[PDB]
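Let us start with two forms of the same protein chain, each given on its own as structure tokens and named structure 1 and structure 2.
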Structure 1
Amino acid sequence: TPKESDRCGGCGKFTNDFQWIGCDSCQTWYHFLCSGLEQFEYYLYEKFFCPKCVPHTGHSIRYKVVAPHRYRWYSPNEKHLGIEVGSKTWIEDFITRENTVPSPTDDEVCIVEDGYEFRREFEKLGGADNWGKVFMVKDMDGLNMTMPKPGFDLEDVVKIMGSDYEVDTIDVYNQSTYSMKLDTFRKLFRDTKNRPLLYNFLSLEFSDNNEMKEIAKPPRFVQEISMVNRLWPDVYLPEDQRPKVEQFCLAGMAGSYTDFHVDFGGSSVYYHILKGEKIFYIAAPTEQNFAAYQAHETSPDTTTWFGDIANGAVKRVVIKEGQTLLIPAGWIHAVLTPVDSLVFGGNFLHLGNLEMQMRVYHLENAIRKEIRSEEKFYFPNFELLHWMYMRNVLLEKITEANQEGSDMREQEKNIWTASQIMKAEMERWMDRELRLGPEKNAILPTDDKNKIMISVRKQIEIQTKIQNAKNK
């Protein structure tokens, strides 16, 4: 392979993007990033012909599929090993037995005819402050959720986003994530008979695209409770700090499988199925389920489906075209996409699930500490967002109540209880940071954090005395 003296034929600079591949014809060497290859192709070709050579050599030659039941499907050294979850072989089998996973109880999932029935049922169960079960809504009428007119599809997405827009795409059989241009995904998607590999994107975030951001929006009730929306309203606080996760477009090939996970930061999500179908395998956020999921995530084993060792916790919910799925914090889920699909969805945090949010946060942190793969990613600016919400929103409310001599439990009890819960988690962050220094990714200076905490402590103490002053 490449020695000190050879030139990248792309950038002409000398000695994964920045690893090397050589053209089997030219013999010239390239940085992967300079080779003309997209990231999802880096590992695909056994014989690589660079773009200067293709006109006379024909296309690069891919590795032969030798181990369809392994992530490393190109490795003869793995033919003998066990079938890995998510591999082509595993999925083709799972499809035949998946409909035998039990349906969920009425306590776990509520199916309703439309948004009006959703609103009734939601409120009957306590509203957002008490949101604890999954909802599937058959018709979006009444959800007050802006979605594109049916028929709308990938073609229109690439038209709006642009052909060269990069999307983080799951190589399903390899169970790994690589960037791929939207137009490239479009090309592979529209080729229905030739699918050596399956692709699935989950994270095309379009909230900063002026055209798209108007086409597809969260249900109004989500906008009303989203903590990010409260802090960075429709448009103080830098735009480049906003967690950008509330407007995602998702598209997947038939057969695609996403393995069990809890959404990052313990966020809640909505999904509207514009085209196709999704099947969710879900388990409720109990302490026992978390522990079992934690064990599963930290195990080196790749052959056991979580559903099979979850003591019957995993349930099956089908969501078909035109239907909408709403999941609160902490639900453990895997997803199969049985048919080519186009989906709009998004993640959000809200005060009503604050406790569960922090529990998922602790789980995440526990898992992180034990496995060496930060390729999993977590809620962007999670901690920062809380410092800002405490300071700009919660502290403000407590202070105003204190100046008015008001007992918050009367008209603002939820604000008061959320503050206490948020504060206790933030005391823990503060201590950690005074003990170990800032995080790698810390925007707020240690000192600014301390000023906020000093002020929070004080107003909490003042409100507590106001509440006690009614004692006799």
Structure 2
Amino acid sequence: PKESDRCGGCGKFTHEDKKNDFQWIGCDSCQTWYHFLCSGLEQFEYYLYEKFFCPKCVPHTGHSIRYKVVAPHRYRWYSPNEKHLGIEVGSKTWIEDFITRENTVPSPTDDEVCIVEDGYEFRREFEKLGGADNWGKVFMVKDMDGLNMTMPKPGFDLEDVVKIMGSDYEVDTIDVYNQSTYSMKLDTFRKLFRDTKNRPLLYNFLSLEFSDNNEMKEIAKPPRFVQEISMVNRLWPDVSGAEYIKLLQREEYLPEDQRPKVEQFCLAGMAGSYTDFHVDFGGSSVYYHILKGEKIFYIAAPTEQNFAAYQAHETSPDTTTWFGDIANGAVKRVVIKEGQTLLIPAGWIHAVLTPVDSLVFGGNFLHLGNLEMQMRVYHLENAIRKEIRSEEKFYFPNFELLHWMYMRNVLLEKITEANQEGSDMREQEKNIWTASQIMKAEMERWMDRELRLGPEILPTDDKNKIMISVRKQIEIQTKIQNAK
């Protein structure tokens, strides 16, 4: 073991092990090697410097020198081999240009988005359309009054967020011009955010999940109607005392570390930020409240035609074509301003431009009313992933497990209790019944798949036991229906 190969850390040859992985960076002065974690760099910085000067050398050497911006139209804006290549969506060059023709993309039809003045008008319009069980269009609610959506009072800003969460709290952050995600300290983000005049690179985080911060989780919550239809909320209720005890007695307890934690996000982005088209993971629905700033969403309805274009777009190696230009005019523009709230159901394809420095609270959720579309989006994701390669963390966490638990703990119980009486479920629970069949059919497919090529937390055996029990109760119920 040559002394050269010892980290000026940490002074070890192997880091103890966010994750250092097993990566080092060398100093371009003293030539000593550091583990990335011991180097003083954060992950977002790993590709920025042409010459890295370690902390010990900086005083006599100066700051690390970053690559020159050689190709602002490329994600590899620092590579001379890319100067002659096409303009990539959305490198800096692409975004600056997009900003000047952006307002020409058409407004939505009234079938696509309904704009309402406040949450009481929302409730009324929502109900006319059949409510959550038929939720198919997006809603923009100008004033939050009536939504029963707990939010911080204006004046609240990034400063309070960093104080509540902590300066060293790491968040997954988008490096906009590079279109990639890196870890960054909240304090480090705040600093870049404060300096409005000097922004070589733009940053936008979408993924600060705070449902486990005891202070934050009380300050920003989902609208009530969302808490009431959320499948995750149904399964991991934030309950206490005897309620909680009964949860334990019924074996309906579920580990906190198994909970998909996606219902309370904080988002902050610099002016000129752009997030490219996507469908939210698991085909979850979204609430999105703008506390400060302004967002422009570009959206396309979840039709088979749009999904085919989107799937092709996602799996194509091309990088120069804006999805909106191949989508046959499906893409619509919707501006959301400070104080306003967007409600998006399953499957909507959307990109978003951040015209102004922003602070947003939102969340993702699954619900029974959109179960078919949610599964259609799952299929869509699985198809795309067959082609490309993506990290698990960009998909809905424990998607399949959640449905096993929901079927076992929620649906099965209701069909069983129903069965032990009359008792036609169409007369008082048609929505529960139709959802059970949709979920069952999709779960049969998952079973089949598993028995053809093995598993990947819930043993194959337990799954089969649940299915057998579901089939039994379903066949029982339909016989109560072949009669009546």
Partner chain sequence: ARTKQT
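By convention here, residues take numbers in order along the sequence of structure 1, the first being 1. What we label the rigid core is the largest C-alpha set whose atoms superpose within 1.5 Å from one form to the other.
*Asks:* Does the form deposited with its partner chain bound correspond to structure 1 or to structure 2?
*Replies:* Looking at both copies of the chain, structure 2 is the one that matches the description.
*Asks:* Taking only shifts of 2 Å or more in Cα after a rigid core superposition between structures 1 and 2, tell me which of 210, 373, 96, 194 qualifies.
*Replies:* Per the superposition, the moving residue is 373.
*Asks:* For residue 34, what C-alpha shift in Å results between structures 1 and 2 following superposition on the rigid core?
*Replies:* Its C-alpha shift, to one decimal, is 2.4 Å.
*Asks:* For residue 7, what C-alpha shift in Å is seen between structures 1 and 2 once the core is overlaid?
*Replies:* Residue 7 is displaced by 1.8 Å at its C-alpha.
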